[PDB]
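Residue numbers (the authors' numbering), protein chains in the order written: chain Y, 1 to 134; chain C, 54 to 312; chain L, 2 to 159.
All C-beta atoms in this analysis are idealised placements derived from N, C-alpha and C, irrespective of residue type, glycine included.
Below: one structure, written as structure tokens.
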Amino acid sequence: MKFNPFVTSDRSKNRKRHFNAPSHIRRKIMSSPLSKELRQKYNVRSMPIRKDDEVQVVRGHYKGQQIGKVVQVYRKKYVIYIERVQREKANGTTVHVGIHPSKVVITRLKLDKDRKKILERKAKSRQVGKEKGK
Amino acid sequence: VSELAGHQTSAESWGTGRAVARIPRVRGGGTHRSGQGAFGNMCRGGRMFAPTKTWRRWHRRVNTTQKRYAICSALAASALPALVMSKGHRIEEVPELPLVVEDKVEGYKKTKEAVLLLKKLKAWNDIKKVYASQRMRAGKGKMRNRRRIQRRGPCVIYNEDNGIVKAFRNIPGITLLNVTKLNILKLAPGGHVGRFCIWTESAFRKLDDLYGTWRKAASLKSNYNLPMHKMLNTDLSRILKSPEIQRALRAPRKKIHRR
Amino acid sequence: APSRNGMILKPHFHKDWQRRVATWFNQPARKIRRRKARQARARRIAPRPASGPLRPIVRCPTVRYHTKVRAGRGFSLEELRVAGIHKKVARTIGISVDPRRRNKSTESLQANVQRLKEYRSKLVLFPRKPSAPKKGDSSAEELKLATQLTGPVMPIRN
RNA sequence: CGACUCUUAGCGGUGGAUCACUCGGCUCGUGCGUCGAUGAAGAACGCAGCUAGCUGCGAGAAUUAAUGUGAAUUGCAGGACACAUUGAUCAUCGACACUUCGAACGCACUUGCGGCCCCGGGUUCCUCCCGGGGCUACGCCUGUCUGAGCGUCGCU
RNA sequence: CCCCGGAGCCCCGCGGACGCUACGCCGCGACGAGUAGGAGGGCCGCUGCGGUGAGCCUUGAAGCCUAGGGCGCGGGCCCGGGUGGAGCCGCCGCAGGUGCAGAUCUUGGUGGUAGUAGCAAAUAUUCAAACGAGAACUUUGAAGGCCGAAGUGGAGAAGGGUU
RNA sequence: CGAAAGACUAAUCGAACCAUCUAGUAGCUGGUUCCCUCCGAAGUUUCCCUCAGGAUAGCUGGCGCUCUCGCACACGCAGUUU
RNA sequence: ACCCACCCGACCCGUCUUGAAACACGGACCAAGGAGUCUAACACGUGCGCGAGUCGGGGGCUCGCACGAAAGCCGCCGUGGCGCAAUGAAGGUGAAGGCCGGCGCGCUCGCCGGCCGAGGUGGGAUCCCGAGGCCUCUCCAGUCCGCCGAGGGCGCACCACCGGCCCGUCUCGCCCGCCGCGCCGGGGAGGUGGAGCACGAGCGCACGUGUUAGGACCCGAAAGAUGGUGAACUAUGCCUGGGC
RNA sequence: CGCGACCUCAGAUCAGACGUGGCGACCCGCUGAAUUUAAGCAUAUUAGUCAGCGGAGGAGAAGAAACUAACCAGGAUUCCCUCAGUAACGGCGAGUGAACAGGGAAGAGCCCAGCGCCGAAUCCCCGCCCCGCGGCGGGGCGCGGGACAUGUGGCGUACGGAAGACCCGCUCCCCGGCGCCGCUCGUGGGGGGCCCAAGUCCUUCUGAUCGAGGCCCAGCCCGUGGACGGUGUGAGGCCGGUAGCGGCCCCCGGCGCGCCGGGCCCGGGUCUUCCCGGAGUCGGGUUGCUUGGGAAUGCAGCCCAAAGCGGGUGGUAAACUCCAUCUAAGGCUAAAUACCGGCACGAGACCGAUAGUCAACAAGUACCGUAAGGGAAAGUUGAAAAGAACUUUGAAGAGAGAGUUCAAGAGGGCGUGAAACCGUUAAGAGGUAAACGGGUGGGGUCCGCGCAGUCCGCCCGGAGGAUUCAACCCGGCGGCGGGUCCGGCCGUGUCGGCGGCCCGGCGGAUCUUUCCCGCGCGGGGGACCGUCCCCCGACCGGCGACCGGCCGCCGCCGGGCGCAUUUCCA
Ligand SMILES: [Mg+2]
Ligand SMILES: [Mg+2]
Ligand SMILES: [Mg+2]
Ligand SMILES: [Mg+2]
Ligand SMILES: [Mg+2]
Ligand SMILES: [Mg+2]
Ligand SMILES: [Mg+2]
Ligand SMILES: [Mg+2]
Ligand SMILES: [Mg+2]
Ligand SMILES: [Mg+2]
Ligand SMILES: [Mg+2]
Ligand SMILES: [Mg+2]
Ligand SMILES: [Mg+2]
Ligand SMILES: [Mg+2]
Ligand SMILES: [Mg+2]
Ligand SMILES: [Mg+2]
Ligand SMILES: [Mg+2]
Ligand SMILES: [Mg+2]
Ligand SMILES: [Mg+2]
Ligand SMILES: [Mg+2]
Ligand SMILES: [Mg+2]
Ligand SMILES: [Mg+2]
Ligand SMILES: [Mg+2]
Ligand SMILES: [Mg+2]
Ligand SMILES: [Mg+2]
Ligand SMILES: [Mg+2]
Ligand SMILES: [Mg+2]
Ligand SMILES: [Mg+2]
Ligand SMILES: [Mg+2]
Ligand SMILES: [Mg+2]
Ligand SMILES: [Mg+2]
Ligand SMILES: [Mg+2]
Ligand SMILES: [Mg+2]
Ligand SMILES: [Mg+2]
Ligand SMILES: [Mg+2]
Ligand SMILES: [Mg+2]
Ligand SMILES: [Mg+2]
Ligand SMILES: [Mg+2]
Ligand SMILES: [Mg+2]
Ligand SMILES: [Mg+2]
Ligand SMILES: [Mg+2]
Ligand SMILES: [Mg+2]
Ligand SMILES: [Mg+2]
Ligand SMILES: [Mg+2]
Ligand SMILES: [Mg+2]
Ligand SMILES: [Mg+2]
Ligand SMILES: [Mg+2]
Ligand SMILES: [Mg+2]
Ligand SMILES: [Mg+2]
Ligand SMILES: [Mg+2]
Ligand SMILES: [Mg+2]
Ligand SMILES: [Mg+2]
Ligand SMILES: [Mg+2]
Ligand SMILES: [Mg+2]
Ligand SMILES: [Mg+2]
Ligand SMILES: [Mg+2]
Ligand SMILES: [Mg+2]
Numbered sequence: 001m002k003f004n005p006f007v008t009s010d011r012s013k014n015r016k017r018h019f020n021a022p023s024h025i026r027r028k029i030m031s032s033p034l035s036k037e038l039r040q041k042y043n044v045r046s047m048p049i050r051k052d053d054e055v056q057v058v059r060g061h062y063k064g065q066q067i068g069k070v071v072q073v074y075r076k077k078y079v080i081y082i083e084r085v086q087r088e089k090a091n092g093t094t095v096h097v098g099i100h101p102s103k104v105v106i107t108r109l110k111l112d113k114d115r116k117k118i119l120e121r122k123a124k125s126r127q128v129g130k131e132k133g134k
Numbered sequence: 054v055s056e057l058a059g060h061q062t063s064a065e066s067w068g069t070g071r072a073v074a075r076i077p078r079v080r081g082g083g084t085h086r087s088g089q090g091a092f093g094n095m096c097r098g099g100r101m102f103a104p105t106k107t108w109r110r111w112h113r114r115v116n117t118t119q120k121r122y123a124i125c126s127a128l129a130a131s132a133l134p135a136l137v138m139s140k141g142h143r144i145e146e147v148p149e150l151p152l153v154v155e156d157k158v159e160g161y162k163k164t165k166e167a168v169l170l171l172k173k174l175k176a177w178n179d180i181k182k183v184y185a186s187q188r189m190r191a192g193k194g195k196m197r198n199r200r201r202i203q204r205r206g207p208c209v210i211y212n213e214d215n216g217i218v219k220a221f222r223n224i225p226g227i228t229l230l231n232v233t234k235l236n237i238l239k240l241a242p243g244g245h246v247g248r249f250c251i252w253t254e255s256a257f258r259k260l261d262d263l264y265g266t267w268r269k270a271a272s273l274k275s276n277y278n279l280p281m282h283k284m285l286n287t288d289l290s291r292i293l294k295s296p297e298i299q300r301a302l303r304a305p306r307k308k309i310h311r312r
Numbered sequence: 002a003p004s005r006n007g008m009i010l011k012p013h014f015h016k017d018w019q020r021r022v023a024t025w026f027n028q029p030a031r032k033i034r035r036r037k038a039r040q041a042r043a044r045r046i047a048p049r050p051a052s053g054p055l056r057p058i059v060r061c062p063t064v065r066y067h068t069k070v071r072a073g074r075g076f077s078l079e080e081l082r083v084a085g086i087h088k089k090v091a092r093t094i095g096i097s098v099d100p101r102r103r104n105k106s107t108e109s110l111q112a113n114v115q116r117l118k119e120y121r122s123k124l125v126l127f128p129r130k131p132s133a134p135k136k137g138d139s140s141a142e143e144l145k146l147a148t149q150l151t152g153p154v155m156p157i158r159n
């Protein structure tokens, strides 16, 4: 259960919170898991997906073991566009098909300074909890 | 329903003589809502017949002995495998029905322990059946935060939380009670009498101190004892084919004289 | 119209009463709020009784109640004078004082002096500074209790 | 058989019931309990690269600064930026800013007429002229200055 | 002059239904109009809640439609097929904004009336051409007509507000 | 307001219009939602500023209780008659 | 169950009405909506708990309430309500009687010892006792078991009647009492008013029906009241223009 | 005829301050109806209610007795429960209607004028310096102004107070700063930020899964987390969250210690001598409203108009008289209490687009009205726009093919798509309008058959074929039932232990203060009674409350038995 008497557990409230979410908050919502490989290395479950990570689509039609680079992040549409994840429209023009970030797995991160410091913060909290549990 | 609901219009009846129908009709304007039908419980817009009030007598208060009588009745039938099995609880492989346990079970701080306990005691197959029942609710309570529904599980009466109520918490189905604060809403859910519980020896000792035996007061509920029984020999089959009674009955006329 | 036997009864629902119906959906929320606020006040007045001040014993008025005895509002001045507590100080040690109480009979007076005497015996006046001057009790009766007294202080039992 | 009419069924229309959804209501509760001449509420008129409405803002006008965040915004354009840099975008909001009416204040409501001090062009204080700036409501209190009275006195 | 773990049974007292949800099951008689009105029973029906069905459901829920198959005195119900595309029901309790043909009822929709009434105030149109997919109606030219300077002309006021 | 018609006062005048008191009151019209089963009326009484309504008797239903004995072994009651 | 045929039957519903197929009203058709509710108070019935009691509110103690604004507990458990006592306008008064023996004159009156203790008549479900049968494969003896049972009893509830007691009231009477002897206080007999007593039945909770007060089954006036908006139409006055 | 004091008055765009409007759920002061009820109506009622005006605050108002009472007396205000639908009012009709006591929530008490003493000992504003400065303050210094004796400040206010003499005991309280230490209850106060568990494992459905079985180890992992939401269906483990006395960073609060700057020489009792109270107010008369308040509950106007052992109250007018009880005509005060407005949250046996707010949407919008005001309708393609390229007919709208989609029998007002009503297709009928009830017939539509439906099941007789038995013993296991209650555990009624009784506790208006402790009372012992527990023996219900042996019976497994048996099959 949730016991904190200031959170909500109220369909209408959670959905309204979700759909009318502000960009910086959507960043967090649009997170996606690391590959087991990276999960081992960084000590982090998942990361906020970003403009030019390398990525697999895990479920759907485009479900496949190819590793496409991310193309853009349409936070309004809760979606990311990926390199070869696309479909030919009526008149031949390719159109980047949206995939939801959570149905995707990050194989290669785009590491900047800030992304580096984020991963350092998440790994540290994870190991504090393991120390507290032990 | 709101006070102003339905009456926020100003609407007069065009009286008789206009054909139409003597309802109050919205006054003036160049809209669809003009010369309509206000206030009447029948009209669109309108005003529900006998709008519901807040001061409906919601709460309902019950005599204290009666409340206790119910709670004794539920306890008494938490024994009786038949009444527990009939109430659905898969209590087939459980070792003894007023199921009482060691008081390390106060100790446990992890679900891990609490589940392992339930599997040794063979009470897990109730929890298993709780998982099996988890399904979506029928209809409008879905859109009002009652979306999922399931079974009631094993009760677990404890005497003191030394950690226990944390341990049994995520195990779906389980409700934990204090002995000193029992509740008929939980001991007889659905107003239905049986329910598999799991006692802690510390708690299971305390019951007689709480409720008082037949020749001893409550000694904890000031002025109380058990309710006395109306009839003692419940098995009437043992009565009716006794020597004493069948001695004194005419022989049963049983021929069938048809027309 | 009345029909065959019944109390010819007068209800008072002729004014606009539904405009002034007062529901009680508060009450649980209220009861808690008081209770929190109560526990806070205890914690603020740290070793002082949660109760309040000590209050006198007092008989009720009228032939009806007469026989019973309650807590009164505060100890009279004569009762403080005889006990030998300066009225302005008595407030500072948790002794209720009203000054509007007469004192008719000497049976009610000596009882209420006895009360204050007893209070002063079983009271633990802390010194102003941790450095200990006169009046202020020993650090023994201080360490062994900086304890609050639950319930009414020296309760009256008829 | 013929047309037409009636009945039933199939399929198609018309129409939007039903069912299923719900970023809305309705009710009960909790905490706090804050507007204004330092110009409120309300109104007006403005402001977007393409924008009418809703919203958001005020000639610094879909916002400036700051702090937090850490790559977008995205209908299309265009762009920026080096996202190893105060740094996109959101959020917060303490600095800055805040057109005109409005208690509404120079007097009027035409958006009309003014007065008084200072500044720039205009002069070379020559007042004009133009532009900018600052004052110019009523009531009232504490003081201040100037006064009034065959009001009550004193000295001359 | 004996025992039913065996008389063999139309009566069996040694143990007892195929039957016994004892709110069950069974037998005999009698009777059955009904407004207003009253009461009982509804395994009749609607929506939500506590229980409960190791219920049902993308291998197809609800709803909808059906010259298909049935049940019930009836309220109603169950199955088949179609359509649909995401939830829904049985039982035990509790709860109610719970069942429509009518209210010159309310809101929305649709007919017959009906291709009917009707498109009749103020004399008037015709020929050719152009454009154009297309001309009774546009435009140009030609003719014939009217308003007849108290104008069907030429300019404002108010009002409109971009005409 | 009226050279007077109760005329006119924004299609409204023998008392304008708007919002509220207001869901104003109504012994009077109208309507009042599923099935089966069982029982089943009254339009007469007295009183009433009562006569298109109430009250009160009556007539109806429901709940019962107390007894009775077809369990070879009955008292009481009647829209009769003697 | 779809269509068609034929014989017989068969006027359109709703409604008010003594009477509706009516030349009585409402109704073109379909969908959705649409009217005996809730609160309070009373009464009776029924179900449950406890019972001369019962009671829960209000308050408090136990939790951040996930379920909890629940659940539990309280010398508050009873301040208090209702109930356990009436009757009188009130001052007030306030439900026991009998018997026996003795002492006062047994005076159907006054005082002292013992015994019983809510009176009696009729009817009363039911219990109880029970003469006597009625047999047993024989003549008698003879405990055991029934079945019935004439006859006789205790008699619940309830009903009818008669007694009795309490309060009010009247009438008539004769005695008692003492810190205060008094315009003091107390009793008796016989009527008569009382929503009385005569070995208790209530309290709380729940459902039902009925009756009310509330918008009170739903729809409906003509009116009434408070506070505001309009003389752009029109009525009349005035100012300033125009026209014949 | 001047100059100077003061008094009363003006004027300043004089210096510096304040007030004005809004909101209005709650609150305070006025004002104040009528529908309505009374079955009519006028008093009454509706109601001191709606509308009207005024003014506030986070609450307001009230409040420290000119009180209750009549007691063995209580002791500010507010709130709840009760008092109580009571006392009372009332065309004594309809109807209306309090208070004290009692129990709670809370709890807090104070200050002037006066009377007096103190060189006005007081206040405001200037100006210079040091600190402090986003709630203009401290300290110092100025012959720098003014207020003030027509009275400022200290002491002091009815609970008495002052001044005096000696009885006693001793001396911390406040603020302006500047630091510093412990982050100080939802279990680290408040705010902000950023963080923290476990499967996309197998197979298999599916357009997509989130669905269904599965995952040896005791049960895939995690589980203080199986709330909720999102993600192409239904997800504890995909993502955000959720749990946690979990983490880190900011900021702010609140309280603890140190230093400085100031202020501050601040008691009590005892005896004496003094001191003491709010006027056009009380009170009366009155008229009008108001109240349950009745020969006047409260408020008013007008007239009269006080006193000081007085005055007020003491619920029936007055006189006499005793008692009781307060101390009016000046003021401040947190708390429990209220809250349909606001900001910010949480929840629901509520509504689910004719509902729920007028308003799920560009709604107080469009639109109407001169104006006050009135006031709608209107949600849904799909998982994704993949929103139909291209070919062709047409001036075009419209089509026909093609394509996308799981589907366009989802085509931009597009989920589902009822009925009325219409078009057509098929079938059937047709001069008494249609339609209907009952009864048959004919035709259709499908549905069940049968390409014999002769339907099964027992038992038996015969005829074929095939496995191991049953019957019996033997060994093992399990179950039932039984009495000898045999032996022991188990418990009901009784009796014995007075044995638990102090190693058995509660309760008691039983007793005792021979006791103890604390102040005749409280607490604890100590007797006593009632109730609940140990020891063994005896009798009895030997009770479903169990064990152990023995018996009898049953069943299963395995041993035995090979075939006139016991099965299977046709
Ligand atoms: Mg509505
Ligand atoms: Mg449904
Ligand atoms: Mg208290
Ligand atoms: Mg058709
Ligand atoms: Mg619609
Ligand atoms: Mg019948
Ligand atoms: Mg009927
Ligand atoms: Mg869907
Ligand atoms: Mg409802
Ligand atoms: Mg209809
Ligand atoms: Mg024509
Ligand atoms: Mg022109
Ligand atoms: Mg009129
Ligand atoms: Mg109505
Ligand atoms: Mg009438
Ligand atoms: Mg009957
Ligand atoms: Mg009539
Ligand atoms: Mg007639
Ligand atoms: Mg008819
Ligand atoms: Mg006729
Ligand atoms: Mg009519
Ligand atoms: Mg008609
Ligand atoms: Mg309907
Ligand atoms: Mg009853
Ligand atoms: Mg009645
Ligand atoms: Mg009603
Ligand atoms: Mg009306
Ligand atoms: Mg009138
Ligand atoms: Mg104001
Ligand atoms: Mg009337
Ligand atoms: Mg009437
Ligand atoms: Mg009238
Ligand atoms: Mg009144
Ligand atoms: Mg008002
Ligand atoms: Mg105040
Ligand atoms: Mg006062
Ligand atoms: Mg009081
Ligand atoms: Mg009462
Ligand atoms: Mg009144
Ligand atoms: Mg003075
Ligand atoms: Mg989930
Ligand atoms: Mg989901
Ligand atoms: Mg996670
Ligand atoms: Mg009055
Ligand atoms: Mg008197
Ligand atoms: Mg005040
Ligand atoms: Mg809609
Ligand atoms: Mg709709
Ligand atoms: Mg709506
Ligand atoms: Mg819909
Ligand atoms: Mg739609
Ligand atoms: Mg729809
Ligand atoms: Mg489809
Ligand atoms: Mg579709
Ligand atoms: Mg559609
Ligand atoms: Mg849809
Ligand atoms: Mg045909």
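Just list the residues that DSSP pairs residue i with in beta bridges.
i, result
"Y:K69", "Y:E54"
"C:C208", "C:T228"
Between the alpha carbons of residue i and residue j, how many angstroms are there, rounded?
i, j, result
"L:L144", "L:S109", "36 Å"
"L:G95", "L:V154", "10 Å"
"C:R199", "Y:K13", "15 Å"
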